[PDB]
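These notes are about the structure you will find just below.
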Amino acid sequence: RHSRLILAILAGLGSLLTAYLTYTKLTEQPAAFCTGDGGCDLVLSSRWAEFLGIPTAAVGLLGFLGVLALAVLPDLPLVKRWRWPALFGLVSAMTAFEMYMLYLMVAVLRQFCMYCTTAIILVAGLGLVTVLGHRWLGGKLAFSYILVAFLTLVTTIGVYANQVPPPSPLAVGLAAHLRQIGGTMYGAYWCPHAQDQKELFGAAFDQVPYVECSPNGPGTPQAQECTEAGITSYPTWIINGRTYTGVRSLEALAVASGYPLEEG
C-alpha cells in the first residue's frame, strides 16, 4: 500500500514521454507555412510551448527526472529527512503547471493533444500516489499545496506574459500604413504562426486588415474570401499585388508595403 515504486514507474513513463517531445521540438525542421496540421502540432507548437528559452517539455523533463531521482535514491545525505517533503513540493508544482496547461487547451487553444493529455494523467497519477504513499498526520498538506501552486501559477503566468516583446516602435506606423494601402493578412485564429505574426505587432494588430479564412474551425472548408485569393497556407500577406507567405518581421513587411525605415 505504501510504495514509491509506482512513482519511479510513473516518473519513468513521464521522463520518456517528455524527452521524446523535446526531440520533436528540438530536431524540428523549421517552418512557418504550417499548411498541414489536423492535428496535434497545431496545439503543440503554439508559443506557450517555449518556456524561458527552452521547450516546455524540457521543463517537465527536469521535473519527471527530479521525482524519479528522489524515489530511486537510497536513504545518503539529506535524503531520508527531505525526500518526502521535496516530493510533495515538486509534484505540487507539476500538478499546478498542468492545470494551467489544461486550461490553455480547453479555453484558449480550444483543442487537445494526446501526448499532452497523457502527461496530465501521469502527473495526476503522481499526485494521488504521493498523497497516499506516506504518513504526515493533515491540514498541513492542503495548505502546502496552495502555497506551491500559488507560487507556480504566478511564476508561470508571469513568464508567459514576459515571453512576448511589446509593440516595436516600427509596429504602430506600419499597421496604419497597411490599413491605407489595403495590405491584408490572411490566416486563422487557431493558426500558431498567425499568432506569432500577431504578437510581433502587439496591440497594434487591431489596425491590420485581417481576413478570417476558417471561421468554423479546423477540418472545415475555408471561407470564400480566402479561396478567391488562392490562399493555400496561413499566414499569407497580400501587399500591393505581391504575395508573401509565412511569418514576416516588421522590417520585411515595411519594405513590402513601402513604409520608410529611416535611421539617418
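Along the chain as shown, residues are numbered 1 onward.
Looks like X-ray crystallography, 4.2 Å, at least that's what the header says.
Each residue, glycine too, has its Cβ placed from N, Cα and C.
Positions annotated as transmembrane segment by Swiss-Prot: 5-25, 51-71, 86-106, 112-132, 141-161. Look at Swiss-Prot and you will find 26-50, 107-111 tagged as topological domain 'Periplasmic'. Under the heading disulfide bond, Swiss-Prot lists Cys34-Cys40, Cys113-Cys116, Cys213-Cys226, citing experimental evidence as support. Under the heading quinone binding site, Swiss-Prot lists 43-49, 94-105.
Feature annotations (Swiss-Prot) mapped to structure.
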{"residue": "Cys34", "record": "disulfide bond", "DSSP class": "coil"}
{"residue": "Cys40", "record": "disulfide bond", "DSSP class": "coil"}
{"residue": "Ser46", "record": "quinone binding site", "DSSP class": "coil"}
{"residue": "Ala96", "record": "quinone binding site", "DSSP class": "helix"}
{"residue": "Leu102", "record": "quinone binding site", "DSSP class": "helix"}
{"residue": "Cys116", "record": "disulfide bond", "DSSP class": "helix"}
Is it possible to get the count of other C-beta atoms within 10 angstroms of the C-beta of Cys116 (disulfide bond)?
22
Listing them in sequence order, which of the disulfide-bonded residues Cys34, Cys113, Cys116 have their Cα within 10 Å of that of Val43 (quinone binding site)?
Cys113, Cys116
To the nearest whole angstrom, state the Cα distance for the pair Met99 (quinone binding site) and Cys116 (disulfide bond).
12
Integer Cα-Cα distance in angstrom, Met105 (quinone binding site) to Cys113 (disulfide bond)
8
In the same chain, residues at least 6 away from the ends of the topological domain 'Periplasmic' (26-50) whose Cβ sits under 8 Å of its Cβ atoms read 56-57, 104-105, 109, 111-116, 160, 163-164, 190-193, 195-196, 199, 218-219, 232-234, 245-247
Going by Cα-Cα distance, which of the disulfide-bonded residues (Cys40, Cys116, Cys213, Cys226) sits nearest to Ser46 (quinone binding site)?
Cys40
For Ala49 (quinone binding site): intrachain residues, at least 6 apart, with Cβ closer than 8 Å:
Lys25, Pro55, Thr56, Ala57
DSSP says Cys213 (disulfide bond), in three-state terms, is coil
Quick one: of the recorded positions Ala96, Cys113, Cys116, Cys213, which has its CA closest to the CA of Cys40 (disulfide bond)?
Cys113
Across the topological domain 'Periplasmic' (107-111), DSSP labelling yields 2 helix, 0 strand, 3 coil
If you count, for each of the recorded positions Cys34, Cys40, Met105, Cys113, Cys226, the other Cβ atoms lying within 10 Å of its Cβ, which residue has the minimum?
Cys40
What's the CA to CA span in angstrom from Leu102 (quinone binding site) over to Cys213 (disulfide bond)?
27
